[PDB]
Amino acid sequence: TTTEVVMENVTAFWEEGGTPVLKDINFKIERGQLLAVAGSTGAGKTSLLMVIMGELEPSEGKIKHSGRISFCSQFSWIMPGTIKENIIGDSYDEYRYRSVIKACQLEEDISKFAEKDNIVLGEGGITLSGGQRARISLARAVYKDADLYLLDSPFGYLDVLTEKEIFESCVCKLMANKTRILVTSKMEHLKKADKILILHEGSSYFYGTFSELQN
């Protein structure tokens, strides 16, 4: 069976007695596919990922998934530790690390530190820009050997050309055979996705292919 993620008629609430944050959501992702998730602010995109990760329990419907998840938060975060430690976690693969550094354009940033990627981040440490933090957080999520990659608006703070270059080098190329969900608004990104889910006010506006969306 190639099917990796199934959501069936999911409705969910963050608050008991509140308004549902997701209403009758459906999608299916096969192994290696890219699902783009789009929609305006507050539409429920991050909430959808929280359902997949088990942080938000459905009040009806089913989320079917078994496997390791790697999550890139839309609020990019840094741990105390070196740049290399922030990215690699528990399993060292030098070739994979170099490929992720390259695809996230981190070589130029690292090259400017005397300690290179052994520079130690933390309280009293150097200050990283929003865009440097986003690319380190993306590197960490993409480096992990996982079964499903949940990339929640990972290009924060990047200018338009950098976002295009990294969407191509990381999400399209480096991760070409990985099962991926990307929260993104750019029509250029949706055009490359295998499936698209557009949310509006917690409901499914559209679920289909880009050609189906153009129609």
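Numbering starts at 1 and runs along the sequence shown.
> May I ask you to compare 5-13 and 18-26 by their mean CA B factor in the entry and name the higher one?
Stretch with the greater average CA B-factor: 18-26.
> On average, which has the higher Cα B-factor in the deposited entry, 102-110 or 118-126?
Comparing averages over the C-alpha atoms only gives 118-126.
> By the entry's C-alpha temperature factors, tell me which of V51, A146, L161, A38 sits highest.
Checking the PDB record, the top C-alpha B-factor among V51, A146, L161, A38 is at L161.
> Report the third (lowest, middle or highest) to which the CA temperature factor of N177 belongs, ranking only the modelled residues of the same chain.
It belongs to the highest third of the chain when residues are ordered by C-alpha B-factor.
> Taking only the Cα B-factors deposited for this chain, tell me whether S73 sits in the lowest, middle or highest third.
CA B-factor rank for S73: lowest third.
> Consider only the C-alpha atoms of the modelled residues in this chain, order them by B-factor as the entry records it, and name the third containing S59: lowest, middle or highest.
Within its chain, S59 is a highest-third residue by C-alpha B-factor, going by the deposited values.
> Taking the entry's C-alpha B-factors for this chain, is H65 in the lowest, middle or highest third?
Tercile = middle for this residue's CA B-factor.
> So where's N86 on the chain's Cα temperature factor ranking, which third?
Middle third, going by the recorded CA B-factors of the chain.
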